[PDB]
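Please read the structure below before turning to the comments.
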Amino acid sequence: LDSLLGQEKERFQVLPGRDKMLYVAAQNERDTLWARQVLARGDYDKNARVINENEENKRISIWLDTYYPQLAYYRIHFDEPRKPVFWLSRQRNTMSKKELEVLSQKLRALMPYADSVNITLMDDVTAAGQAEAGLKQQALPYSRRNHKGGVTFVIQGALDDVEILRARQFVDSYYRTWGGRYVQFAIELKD
Amino acid sequence: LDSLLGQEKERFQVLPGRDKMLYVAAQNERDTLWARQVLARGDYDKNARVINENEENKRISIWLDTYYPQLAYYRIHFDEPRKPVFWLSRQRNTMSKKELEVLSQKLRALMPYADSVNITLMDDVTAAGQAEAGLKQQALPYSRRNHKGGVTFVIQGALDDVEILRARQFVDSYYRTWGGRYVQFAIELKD
Amino acid sequence: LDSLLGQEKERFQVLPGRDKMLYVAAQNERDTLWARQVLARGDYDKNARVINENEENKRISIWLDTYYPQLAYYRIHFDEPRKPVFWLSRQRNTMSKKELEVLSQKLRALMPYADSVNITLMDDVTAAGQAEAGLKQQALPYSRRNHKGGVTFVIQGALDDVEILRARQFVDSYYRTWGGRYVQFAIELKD
């Protein structure tokens with residue numbers, strides 16, 4: 001295991017994949033750069049590869065939005081890099097725990113380096129609850145415009161440089177933990 | 001099997017065809033370029049060829065729009081490159097499962113490199129359902145203008161740079177998975 | 001123990017971590033600079049590291065805002081660098097003393113160098129009480145705008161250079177000892 005010449009090796013999340021391929025899902029750009037540049041230094045090809053969470057997040061919207069399209073998932077929770085928790089809807093889901101047993105392998109089919117991928121059922125009544133309570137916490141209005149598969153929230157008012165950030169920073173993490181479709185966000189600007 | 005001098009060979013979907021001809025249906029341009037340029041390097045002619053999904057999509061509208069013209073198909077689903085699923089209409093079709101057994105060979109007659117081509121019957125009530133629910137999801141109006149072999153959808157309103165993309169990105173994948181004739185799309189612009 | 005060549009070593013809070021790693025949580029910038037620059041002088045790598053309270057305060061809002069998200073905590077009180085007191089809410093908390101026994105290890109998981117991390121239950125009736133009494137002490141008005149998880153305070157009036165500091169200096173320490181969400185502060189400016 002690494003088994004690279006691309007030092008420094010600090011913060012390297014390097015682990016072997018499903019078909020014996022060392023992926024490097026590091027959290028920093030310079031930490032993937034050090035592992036990506038060396039790939040041609042010492043002929044660390046084929047077996048040694050370098051990935052990231054940004055592409056894995058795309059995979060969520062490409063392979064997992066179409067494999068169980070009915071399953072209302074949120075997002076692969078990277079709390080445990082070795083076994084990320086795959087937050088699901090509690091009542092908007094379609095895959096039972098018997099079927100989720102197979103989804104976990106598919107989840108690893110998009111994340112071979114991880115030992116596994118956990119799966120949980122998270123309340124969809126609290127997905128909306130965080131949206132309603134978070135904007136309210138952030139001192140912001142919001143509408144309840146129902147779209148297919150969720151409820152679009154529309155924040156009335158020409159929010160200023162920072163008040164508008166209140167919701168931009170909120171939603172930034174919301175869709176990474178509560179899905180980007182169950183509640184659509186929008187800020188209506190006026191006056 | 002490849003059996004080419006045109007390295008790098010990463011992501012090459014190279015397989016022998018029906019009449020022993022290695023096709024390279026790679027997903028990237030540089031991955032067909034590496035395999036296409038070498039064709040004259042080492043005399044990798046006749047047997048070694050290079051194809052793509054763009055031409056295969058044309059074939060769908062030329063050879064398959066006229067071979068079973070009555071059959072209401074959607075599109076060759078490249079989910080399985082070795083055995084693409086050929087989505088059909090459930091109620092607008094003409095070829096029964098007994099006849100579809102032959103269509104699969106014709107489907108390979110336009111895709112020799114693939115082991116086979118799968119065929120399924122997909123609900124035409126959900127083809128319109130995705131169109132109605134997808135635009136609605138994307139917060140967009142639409143009309144129901146019935147044309148011969150479908151229902152043209154017309155989206156009222158001078159959509160802006162991104163709101164207009166909402167439907168452009170939607171339809172982009174729609175016609176690749178639900179056919180480009182069962183629901184025609186259009187955005188009426190005004191004001 | 002230090003076991004560095006980066007003299008002067010005055011005011012160095014250097015202690016070994018959970019996995020035998022000497023951290024230097026010094027209070028001054030020049031006192032982390034002296035210990036950070038030497039890391040490459042004598043090959044004081046891996047084992048010898050240098051940290052601060054600013055990053056540990058971020059950790060509070062990243063790892064501890066999401067590990068027991070229900071637990072209404074205030075802030076890691078650095079009164080005892082070796083065993084900081086982790087002020088909690090008295091009535092807005094979720095972790096009982098039986099569960100807090102585990103939180104302390106998690107608290108050290110974000111502060112390995114410290115022998116431990118203490119945990120107490122501080123009255124939330126006095127968290128608001130300091131806010132109400134502190135601004136009043138500082139001769140300042142304030143509103144009671146209830147937000148989710150607290151009560152936003154809004155100070156009426158175009159406070160001048162120093163009168164406005166009265167609350168800016170107050171809140172500066174408030175959120176370090178009474179949490180930055182139980183009472184949100186704001187100064188409305190007018191006239």
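Just remember, in the structure tokens the first chain shown is A, the second B, etc., residues are 1-based per chain, and ligands are 1-based in the order shown.
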Same-sequence superposition of chain B onto chain A, all C-alpha, as a PDB file with C-alpha atoms, in the first residue's frame:
ATOM      1  CA  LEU B   1       0.000   0.001   0.000  1.00  0.00           C
ATOM      2  CA  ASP B   2       1.618   3.294  -1.310  1.00  0.00           C
ATOM      3  CA  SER B   3       4.057   2.354  -2.690  1.00  0.00           C
ATOM      4  CA  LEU B   4       4.356   5.738  -4.432  1.00  0.00           C
ATOM      5  CA  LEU B   5       7.331   8.092  -5.035  1.00  0.00           C
ATOM      6  CA  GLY B   6       5.171  11.215  -4.881  1.00  0.00           C
ATOM      7  CA  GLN B   7       6.076  12.464  -1.322  1.00  0.00           C
ATOM      8  CA  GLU B   8       4.688  14.266   0.756  1.00  0.00           C
ATOM      9  CA  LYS B   9       2.119  11.500   1.548  1.00  0.00           C
ATOM     10  CA  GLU B  10       0.269  13.348   4.347  1.00  0.00           C
ATOM     11  CA  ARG B  11      -3.530  13.019   4.419  1.00  0.00           C
ATOM     12  CA  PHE B  12      -3.548  10.329   1.593  1.00  0.00           C
ATOM     13  CA  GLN B  13      -6.690   8.239   1.626  1.00  0.00           C
ATOM     14  CA  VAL B  14      -5.152   5.472  -0.397  1.00  0.00           C
ATOM     15  CA  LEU B  15      -6.852   2.088  -0.434  1.00  0.00           C
ATOM     16  CA  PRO B  16      -7.127  -0.847  -2.851  1.00  0.00           C
ATOM     17  CA  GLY B  17     -10.359  -1.150  -4.895  1.00  0.00           C
ATOM     18  CA  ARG B  18     -12.680  -4.040  -5.794  1.00  0.00           C
ATOM     19  CA  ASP B  19     -10.410  -5.297  -8.634  1.00  0.00           C
ATOM     20  CA  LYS B  20      -7.069  -4.530  -6.845  1.00  0.00           C
ATOM     21  CA  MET B  21      -6.572  -0.891  -7.834  1.00  0.00           C
ATOM     22  CA  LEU B  22      -5.196   1.627  -5.262  1.00  0.00           C
ATOM     23  CA  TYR B  23      -7.358   4.755  -5.425  1.00  0.00           C
ATOM     24  CA  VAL B  24      -6.384   7.950  -3.715  1.00  0.00           C
ATOM     25  CA  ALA B  25      -9.516   9.761  -2.541  1.00  0.00           C
ATOM     26  CA  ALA B  26      -7.649  12.564  -0.777  1.00  0.00           C
ATOM     27  CA  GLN B  27      -9.439  15.652   0.558  1.00  0.00           C
ATOM     28  CA  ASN B  28      -7.026  18.249  -0.802  1.00  0.00           C
ATOM     29  CA  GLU B  29      -6.036  19.262  -4.353  1.00  0.00           C
ATOM     30  CA  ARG B  30      -2.282  19.199  -3.611  1.00  0.00           C
ATOM     31  CA  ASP B  31      -2.803  15.763  -2.043  1.00  0.00           C
ATOM     32  CA  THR B  32      -4.178  14.360  -5.272  1.00  0.00           C
ATOM     33  CA  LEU B  33      -1.622  16.300  -7.275  1.00  0.00           C
ATOM     34  CA  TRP B  34       1.228  14.678  -5.453  1.00  0.00           C
ATOM     35  CA  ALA B  35      -0.320  11.268  -6.087  1.00  0.00           C
ATOM     36  CA  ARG B  36      -1.381  12.022  -9.691  1.00  0.00           C
ATOM     37  CA  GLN B  37       1.921  13.432 -11.014  1.00  0.00           C
ATOM     38  CA  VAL B  38       3.900  10.430  -9.712  1.00  0.00           C
ATOM     39  CA  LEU B  39       1.694   8.004 -11.714  1.00  0.00           C
ATOM     40  CA  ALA B  40       4.130   8.482 -14.659  1.00  0.00           C
ATOM     41  CA  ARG B  41       7.313   8.916 -12.487  1.00  0.00           C
ATOM     42  CA  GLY B  42       7.602   5.323 -11.323  1.00  0.00           C
ATOM     43  CA  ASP B  43       5.157   3.581 -13.736  1.00  0.00           C
ATOM     44  CA  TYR B  44       2.458   3.601 -11.053  1.00  0.00           C
ATOM     45  CA  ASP B  45      -0.198   2.945 -13.734  1.00  0.00           C
ATOM     46  CA  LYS B  46      -3.126   0.550 -13.931  1.00  0.00           C
ATOM     47  CA  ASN B  47      -3.046  -0.377 -10.196  1.00  0.00           C
ATOM     48  CA  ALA B  48      -2.340   3.073  -8.792  1.00  0.00           C
ATOM     49  CA  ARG B  49      -5.118   5.621  -9.588  1.00  0.00           C
ATOM     50  CA  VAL B  50      -6.296   8.922  -8.116  1.00  0.00           C
ATOM     51  CA  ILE B  51      -9.976   9.914  -7.538  1.00  0.00           C
ATOM     52  CA  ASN B  52     -12.031  12.509  -5.680  1.00  0.00           C
ATOM     53  CA  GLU B  53     -15.459  13.173  -4.133  1.00  0.00           C
ATOM     54  CA  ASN B  54     -16.477  15.670  -6.839  1.00  0.00           C
ATOM     55  CA  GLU B  55     -16.566  12.917  -9.521  1.00  0.00           C
ATOM     56  CA  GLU B  56     -18.160  10.511  -7.048  1.00  0.00           C
ATOM     57  CA  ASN B  57     -20.870  13.157  -6.549  1.00  0.00           C
ATOM     58  CA  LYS B  58     -21.402  13.291 -10.252  1.00  0.00           C
ATOM     59  CA  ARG B  59     -21.684   9.471 -10.301  1.00  0.00           C
ATOM     60  CA  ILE B  60     -24.532   9.883  -7.776  1.00  0.00           C
ATOM     61  CA  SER B  61     -26.499  11.933 -10.301  1.00  0.00           C
ATOM     62  CA  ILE B  62     -25.644   9.734 -13.291  1.00  0.00           C
ATOM     63  CA  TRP B  63     -25.456   6.071 -12.265  1.00  0.00           C
ATOM     64  CA  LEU B  64     -27.603   6.231  -9.069  1.00  0.00           C
ATOM     65  CA  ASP B  65     -30.267   8.631 -10.376  1.00  0.00           C
ATOM     66  CA  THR B  66     -30.883   6.035 -13.076  1.00  0.00           C
ATOM     67  CA  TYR B  67     -30.221   2.653 -11.408  1.00  0.00           C
ATOM     68  CA  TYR B  68     -32.953   2.916  -8.714  1.00  0.00           C
ATOM     69  CA  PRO B  69     -34.649   6.069 -10.118  1.00  0.00           C
ATOM     70  CA  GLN B  70     -37.614   5.423  -7.836  1.00  0.00           C
ATOM     71  CA  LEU B  71     -35.472   5.272  -4.722  1.00  0.00           C
ATOM     72  CA  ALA B  72     -35.457   8.750  -3.165  1.00  0.00           C
ATOM     73  CA  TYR B  73     -31.930   9.046  -1.929  1.00  0.00           C
ATOM     74  CA  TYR B  74     -30.174  12.056  -0.424  1.00  0.00           C
ATOM     75  CA  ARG B  75     -26.418  11.788  -0.873  1.00  0.00           C
ATOM     76  CA  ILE B  76     -23.390   9.569  -0.093  1.00  0.00           C
ATOM     77  CA  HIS B  77     -22.328  10.828   3.368  1.00  0.00           C
ATOM     78  CA  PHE B  78     -18.579  10.917   3.526  1.00  0.00           C
ATOM     79  CA  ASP B  79     -18.554  10.855   7.364  1.00  0.00           C
ATOM     80  CA  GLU B  80     -16.873   7.494   7.132  1.00  0.00           C
ATOM     81  CA  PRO B  81     -14.537   7.481   4.077  1.00  0.00           C
ATOM     82  CA  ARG B  82     -14.233   3.658   4.373  1.00  0.00           C
ATOM     83  CA  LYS B  83     -17.970   3.127   4.716  1.00  0.00           C
ATOM     84  CA  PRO B  84     -19.933   6.221   3.742  1.00  0.00           C
ATOM     85  CA  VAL B  85     -23.566   6.357   5.014  1.00  0.00           C
ATOM     86  CA  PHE B  86     -25.986   6.519   2.141  1.00  0.00           C
ATOM     87  CA  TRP B  87     -28.850   8.674   3.550  1.00  0.00           C
ATOM     88  CA  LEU B  88     -32.227   7.688   2.148  1.00  0.00           C
ATOM     89  CA  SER B  89     -35.750   8.968   2.401  1.00  0.00           C
ATOM     90  CA  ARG B  90     -37.838   7.301   5.084  1.00  0.00           C
ATOM     91  CA  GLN B  91     -41.125   7.468   3.255  1.00  0.00           C
ATOM     92  CA  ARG B  92     -40.181   8.456  -0.284  1.00  0.00           C
ATOM     93  CA  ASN B  93     -37.876   5.419  -0.784  1.00  0.00           C
ATOM     94  CA  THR B  94     -38.542   2.295  -2.887  1.00  0.00           C
ATOM     95  CA  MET B  95     -35.720  -0.070  -1.882  1.00  0.00           C
ATOM     96  CA  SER B  96     -36.373  -2.113   1.187  1.00  0.00           C
ATOM     97  CA  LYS B  97     -33.586  -3.305   3.474  1.00  0.00           C
ATOM     98  CA  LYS B  98     -33.567  -6.627   1.641  1.00  0.00           C
ATOM     99  CA  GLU B  99     -32.916  -4.749  -1.659  1.00  0.00           C
ATOM    100  CA  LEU B 100     -30.577  -2.199  -0.074  1.00  0.00           C
ATOM    101  CA  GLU B 101     -28.232  -5.139   0.629  1.00  0.00           C
ATOM    102  CA  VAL B 102     -27.528  -5.110  -3.175  1.00  0.00           C
ATOM    103  CA  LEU B 103     -27.486  -1.332  -3.486  1.00  0.00           C
ATOM    104  CA  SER B 104     -24.458  -1.274  -1.189  1.00  0.00           C
ATOM    105  CA  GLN B 105     -22.490  -3.284  -3.764  1.00  0.00           C
ATOM    106  CA  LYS B 106     -23.646  -0.915  -6.492  1.00  0.00           C
ATOM    107  CA  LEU B 107     -22.585   1.941  -4.227  1.00  0.00           C
ATOM    108  CA  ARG B 108     -19.178   0.344  -4.094  1.00  0.00           C
ATOM    109  CA  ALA B 109     -19.310  -0.149  -7.829  1.00  0.00           C
ATOM    110  CA  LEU B 110     -19.015   3.666  -7.897  1.00  0.00           C
ATOM    111  CA  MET B 111     -16.572   3.698  -4.905  1.00  0.00           C
ATOM    112  CA  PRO B 112     -14.418   0.568  -5.088  1.00  0.00           C
ATOM    113  CA  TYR B 113     -11.689   1.900  -2.720  1.00  0.00           C
ATOM    114  CA  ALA B 114     -14.083   2.021   0.254  1.00  0.00           C
ATOM    115  CA  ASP B 115     -14.463  -1.105   2.365  1.00  0.00           C
ATOM    116  CA  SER B 116     -18.194  -0.700   1.929  1.00  0.00           C
ATOM    117  CA  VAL B 117     -20.977   1.822   1.830  1.00  0.00           C
ATOM    118  CA  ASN B 118     -23.496   2.079   4.597  1.00  0.00           C
ATOM    119  CA  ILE B 119     -27.150   2.796   3.983  1.00  0.00           C
ATOM    120  CA  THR B 120     -29.699   4.440   6.284  1.00  0.00           C
ATOM    121  CA  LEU B 121     -33.262   5.649   6.178  1.00  0.00           C
ATOM    122  CA  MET B 122     -33.513   9.283   7.117  1.00  0.00           C
ATOM    123  CA  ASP B 123     -36.817  10.927   7.828  1.00  0.00           C
ATOM    124  CA  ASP B 124     -38.127  12.926   4.869  1.00  0.00           C
ATOM    125  CA  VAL B 125     -40.279  14.843   7.362  1.00  0.00           C
ATOM    126  CA  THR B 126     -37.034  16.169   8.778  1.00  0.00           C
ATOM    127  CA  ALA B 127     -35.531  16.845   5.329  1.00  0.00           C
ATOM    128  CA  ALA B 128     -38.272  19.444   4.893  1.00  0.00           C
ATOM    129  CA  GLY B 129     -38.033  20.210   8.589  1.00  0.00           C
ATOM    130  CA  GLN B 130     -34.372  21.289   8.194  1.00  0.00           C
ATOM    131  CA  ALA B 131     -35.253  23.340   5.223  1.00  0.00           C
ATOM    132  CA  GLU B 132     -38.093  25.094   7.046  1.00  0.00           C
ATOM    133  CA  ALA B 133     -36.263  25.412  10.325  1.00  0.00           C
ATOM    134  CA  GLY B 134     -32.867  26.302   8.751  1.00  0.00           C
ATOM    135  CA  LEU B 135     -34.098  29.174   6.680  1.00  0.00           C
ATOM    136  CA  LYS B 136     -36.201  30.285   9.657  1.00  0.00           C
ATOM    137  CA  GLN B 137     -33.127  29.986  11.828  1.00  0.00           C
ATOM    138  CA  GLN B 138     -31.311  32.122   9.303  1.00  0.00           C
ATOM    139  CA  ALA B 139     -34.048  34.721   9.633  1.00  0.00           C
ATOM    140  CA  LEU B 140     -35.461  34.091   6.142  1.00  0.00           C
ATOM    141  CA  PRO B 141     -38.850  33.679   4.562  1.00  0.00           C
ATOM    142  CA  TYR B 142     -39.679  30.958   2.137  1.00  0.00           C
ATOM    143  CA  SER B 143     -42.489  29.666   0.102  1.00  0.00           C
ATOM    144  CA  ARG B 144     -43.762  26.130  -0.301  1.00  0.00           C
ATOM    145  CA  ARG B 145     -44.046  25.642  -4.137  1.00  0.00           C
ATOM    146  CA  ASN B 146     -44.706  21.935  -4.686  1.00  0.00           C
ATOM    147  CA  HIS B 147     -42.755  20.413  -7.601  1.00  0.00           C
ATOM    148  CA  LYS B 148     -42.676  16.792  -8.737  1.00  0.00           C
ATOM    149  CA  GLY B 149     -40.652  14.948  -6.084  1.00  0.00           C
ATOM    150  CA  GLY B 150     -40.398  17.808  -3.588  1.00  0.00           C
ATOM    151  CA  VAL B 151     -41.380  21.263  -2.494  1.00  0.00           C
ATOM    152  CA  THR B 152     -39.577  24.260  -4.025  1.00  0.00           C
ATOM    153  CA  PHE B 153     -38.800  26.957  -1.449  1.00  0.00           C
ATOM    154  CA  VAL B 154     -38.772  30.572  -2.643  1.00  0.00           C
ATOM    155  CA  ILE B 155     -37.288  33.263  -0.429  1.00  0.00           C
ATOM    156  CA  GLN B 156     -39.024  36.621  -0.917  1.00  0.00           C
ATOM    157  CA  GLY B 157     -36.828  39.735  -0.937  1.00  0.00           C
ATOM    158  CA  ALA B 158     -33.772  41.411  -2.387  1.00  0.00           C
ATOM    159  CA  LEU B 159     -31.370  39.957   0.106  1.00  0.00           C
ATOM    160  CA  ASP B 160     -28.155  41.872   0.582  1.00  0.00           C
ATOM    161  CA  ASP B 161     -24.530  40.665   0.337  1.00  0.00           C
ATOM    162  CA  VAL B 162     -24.606  38.673   3.525  1.00  0.00           C
ATOM    163  CA  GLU B 163     -28.344  38.010   4.121  1.00  0.00           C
ATOM    164  CA  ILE B 164     -28.376  36.335   0.759  1.00  0.00           C
ATOM    165  CA  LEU B 165     -25.376  34.268   1.821  1.00  0.00           C
ATOM    166  CA  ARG B 166     -27.354  33.009   4.801  1.00  0.00           C
ATOM    167  CA  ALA B 167     -29.349  30.791   2.447  1.00  0.00           C
ATOM    168  CA  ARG B 168     -26.501  30.229  -0.064  1.00  0.00           C
ATOM    169  CA  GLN B 169     -24.278  28.762   2.686  1.00  0.00           C
ATOM    170  CA  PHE B 170     -27.209  26.829   4.085  1.00  0.00           C
ATOM    171  CA  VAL B 171     -28.264  25.160   0.815  1.00  0.00           C
ATOM    172  CA  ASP B 172     -24.622  24.451   0.061  1.00  0.00           C
ATOM    173  CA  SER B 173     -24.542  21.728   2.658  1.00  0.00           C
ATOM    174  CA  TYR B 174     -28.228  20.930   2.506  1.00  0.00           C
ATOM    175  CA  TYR B 175     -28.060  19.211  -0.923  1.00  0.00           C
ATOM    176  CA  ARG B 176     -24.986  17.324   0.195  1.00  0.00           C
ATOM    177  CA  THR B 177     -26.878  15.770   3.112  1.00  0.00           C
ATOM    178  CA  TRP B 178     -30.565  16.025   2.284  1.00  0.00           C
ATOM    179  CA  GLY B 179     -30.533  15.621  -1.475  1.00  0.00           C
ATOM    180  CA  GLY B 180     -30.718  18.305  -4.153  1.00  0.00           C
ATOM    181  CA  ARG B 181     -34.250  17.513  -5.322  1.00  0.00           C
ATOM    182  CA  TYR B 182     -36.498  16.926  -2.280  1.00  0.00           C
ATOM    183  CA  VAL B 183     -36.402  20.699  -1.556  1.00  0.00           C
ATOM    184  CA  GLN B 184     -35.466  23.072  -4.387  1.00  0.00           C
ATOM    185  CA  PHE B 185     -34.195  26.433  -3.248  1.00  0.00           C
ATOM    186  CA  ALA B 186     -34.617  29.814  -4.742  1.00  0.00           C
ATOM    187  CA  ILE B 187     -34.370  33.450  -3.641  1.00  0.00           C
ATOM    188  CA  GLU B 188     -36.836  35.785  -5.306  1.00  0.00           C
ATOM    189  CA  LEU B 189     -35.282  39.267  -5.599  1.00  0.00           C
ATOM    190  CA  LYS B 190     -37.380  42.456  -5.459  1.00  0.00           C
ATOM    191  CA  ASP B 191     -37.151  46.182  -4.611  1.00  0.00           C
TER     192      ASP B 191
END
message = Please return, as an MDAnalysis selection string, all residues of region 53-157 of chain C that DSSP assigns to strand (DSSP E or B) on the basis of the backbone.
response = chainID C and resid 73:77 85:89 118:122 145:147 150:155
Could you turn the residues from that selection into a file that holds C-alpha atoms, as a compact mmCIF listing (two decimals), in the first residue's frame?
# COMPACT_ATOMS: atom_id res chain seq x y z
CA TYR C 73 -23.53 22.93 23.33
CA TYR C 74 -21.87 26.29 23.93
CA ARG C 75 -18.13 26.08 23.32
CA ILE C 76 -14.94 24.25 24.42
CA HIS C 77 -13.78 26.38 27.39
CA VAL C 85 -14.67 22.41 30.16
CA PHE C 86 -17.24 21.74 27.50
CA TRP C 87 -20.15 24.06 28.52
CA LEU C 88 -23.53 22.61 27.63
CA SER C 89 -27.10 23.76 27.79
CA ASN C 118 -14.38 18.16 30.81
CA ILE C 119 -18.09 18.55 30.27
CA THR C 120 -20.61 20.60 32.26
CA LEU C 121 -24.23 21.60 32.09
CA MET C 122 -24.64 25.34 32.13
CA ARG C 145 -36.67 37.92 17.91
CA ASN C 146 -37.15 34.17 18.33
CA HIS C 147 -35.27 32.06 15.76
CA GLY C 150 -32.56 30.63 20.13
CA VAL C 151 -33.68 34.20 20.40
CA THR C 152 -32.13 36.80 18.07
CA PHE C 153 -31.38 40.08 19.84
CA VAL C 154 -31.62 43.29 17.80
CA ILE C 155 -30.18 46.50 19.18
task = Run DSSP on the backbone of this structure and report the residues of region 112-183 of chain A it assigns to helix (DSSP H, G or I), as a list in words.
result =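 Going through region 112-183 of chain A, the helix (DSSP H, G or I) residues come out as residues 124, 125, 126, 127, 128, 129, 130, 131, 132, 133, 134, 135, 136, 137, 163, 164, 165, 166, 167, 168, 169, 170, 171, 172, 173, 174, 175, 176 and 177 of chain A.
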Based on the selection just made, write N, CA, C and O atoms of those residues as a CSV table (one decimal), in the first residue's frame.
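Written file, part_0.csv:
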chain,number,residue,atom,x,y,z
A,124,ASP,N,-37.9,11.9,5.9
A,124,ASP,CA,-38.1,12.9,4.9
A,124,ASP,C,-39.0,14.1,5.5
A,124,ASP,O,-39.0,15.2,4.9
A,125,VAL,N,-39.6,13.8,6.6
A,125,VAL,CA,-40.3,14.8,7.4
A,125,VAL,C,-39.3,15.8,8.1
A,125,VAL,O,-39.7,16.9,8.4
A,126,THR,N,-38.1,15.3,8.3
A,126,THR,CA,-37.0,16.2,8.8
A,126,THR,C,-36.2,16.8,7.7
A,126,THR,O,-35.4,17.8,7.9
A,127,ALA,N,-36.2,16.2,6.5
A,127,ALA,CA,-35.5,16.8,5.3
A,127,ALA,C,-36.2,18.2,5.0
A,127,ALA,O,-35.5,19.2,4.9
A,128,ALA,N,-37.5,18.2,5.0
A,128,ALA,CA,-38.3,19.4,4.9
A,128,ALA,C,-38.2,20.3,6.2
A,128,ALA,O,-38.3,21.5,6.1
A,129,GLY,N,-38.1,19.6,7.3
A,129,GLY,CA,-38.0,20.2,8.6
A,129,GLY,C,-36.7,21.0,8.7
A,129,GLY,O,-36.7,22.1,9.3
A,130,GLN,N,-35.6,20.5,8.1
A,130,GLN,CA,-34.4,21.3,8.2
A,130,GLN,C,-34.4,22.5,7.3
A,130,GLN,O,-33.9,23.6,7.5
A,131,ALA,N,-35.1,22.3,6.2
A,131,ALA,CA,-35.3,23.3,5.2
A,131,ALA,C,-36.1,24.5,5.8
A,131,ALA,O,-35.8,25.6,5.5
A,132,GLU,N,-37.1,24.1,6.5
A,132,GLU,CA,-38.1,25.1,7.0
A,132,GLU,C,-37.5,25.8,8.3
A,132,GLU,O,-37.6,27.0,8.5
A,133,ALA,N,-36.9,24.9,9.1
A,133,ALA,CA,-36.3,25.4,10.3
A,133,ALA,C,-34.9,26.1,10.1
A,133,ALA,O,-34.5,27.0,10.8
A,134,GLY,N,-34.2,25.7,9.1
A,134,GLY,CA,-32.9,26.3,8.8
A,134,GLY,C,-33.0,27.7,8.2
A,134,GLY,O,-32.3,28.6,8.6
A,135,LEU,N,-33.9,27.9,7.2
A,135,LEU,CA,-34.1,29.2,6.7
A,135,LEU,C,-34.7,30.1,7.8
A,135,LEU,O,-34.4,31.2,7.8
A,136,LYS,N,-35.6,29.5,8.6
A,136,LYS,CA,-36.2,30.3,9.7
A,136,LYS,C,-35.1,30.7,10.6
A,136,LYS,O,-35.0,31.8,11.0
A,137,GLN,N,-34.3,29.7,11.0
A,137,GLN,CA,-33.1,30.0,11.8
A,137,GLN,C,-32.3,31.1,11.2
A,137,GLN,O,-31.9,32.0,11.9
A,163,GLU,N,-27.1,38.6,3.8
A,163,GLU,CA,-28.3,38.0,4.1
A,163,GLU,C,-28.7,37.0,3.1
A,163,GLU,O,-29.4,36.0,3.3
A,164,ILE,N,-28.2,37.2,1.9
A,164,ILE,CA,-28.4,36.3,0.8
A,164,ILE,C,-27.4,35.1,0.9
A,164,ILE,O,-27.7,34.0,0.5
A,165,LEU,N,-26.3,35.4,1.5
A,165,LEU,CA,-25.4,34.3,1.8
A,165,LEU,C,-26.0,33.3,2.8
A,165,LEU,O,-25.8,32.1,2.7
A,166,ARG,N,-26.7,33.8,3.8
A,166,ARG,CA,-27.4,33.0,4.8
A,166,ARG,C,-28.0,31.8,4.2
A,166,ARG,O,-27.8,30.7,4.7
A,167,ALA,N,-28.7,31.9,3.1
A,167,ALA,CA,-29.4,30.8,2.4
A,167,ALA,C,-28.4,30.1,1.5
A,167,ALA,O,-28.4,28.9,1.4
A,168,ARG,N,-27.5,30.9,0.8
A,168,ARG,CA,-26.5,30.2,-0.1
A,168,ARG,C,-25.6,29.3,0.7
A,168,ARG,O,-25.3,28.2,0.3
A,169,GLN,N,-25.1,29.7,1.9
A,169,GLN,CA,-24.3,28.8,2.7
A,169,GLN,C,-25.1,27.6,3.2
A,169,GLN,O,-24.6,26.5,3.4
A,170,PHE,N,-26.4,27.9,3.6
A,170,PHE,CA,-27.2,26.8,4.1
A,170,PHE,C,-27.4,25.7,3.0
A,170,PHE,O,-27.0,24.6,3.2
A,171,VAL,N,-28.0,26.1,1.9
A,171,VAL,CA,-28.3,25.2,0.8
A,171,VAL,C,-27.0,24.4,0.3
A,171,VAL,O,-27.1,23.3,-0.1
A,172,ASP,N,-25.9,25.0,0.5
A,172,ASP,CA,-24.6,24.5,0.1
A,172,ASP,C,-24.4,23.1,0.7
A,172,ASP,O,-23.9,22.2,0.0
A,173,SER,N,-24.7,23.0,1.9
A,173,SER,CA,-24.5,21.7,2.7
A,173,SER,C,-25.9,20.9,2.6
A,173,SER,O,-25.9,19.7,2.8
A,174,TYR,N,-27.0,21.6,2.5
A,174,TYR,CA,-28.2,20.9,2.5
A,174,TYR,C,-28.3,19.8,1.4
A,174,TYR,O,-28.5,18.7,1.8
A,175,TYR,N,-28.0,20.2,0.2
A,175,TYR,CA,-28.1,19.2,-0.9
A,175,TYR,C,-27.0,18.2,-0.9
A,175,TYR,O,-27.0,17.2,-1.6
A,176,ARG,N,-26.0,18.4,0.0
A,176,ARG,CA,-25.0,17.3,0.2
A,176,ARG,C,-25.4,16.3,1.3
A,176,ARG,O,-24.7,15.3,1.4
A,177,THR,N,-26.5,16.6,2.0
A,177,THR,CA,-26.9,15.8,3.1
A,177,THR,C,-28.4,15.5,3.1
A,177,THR,O,-28.8,14.6,3.8
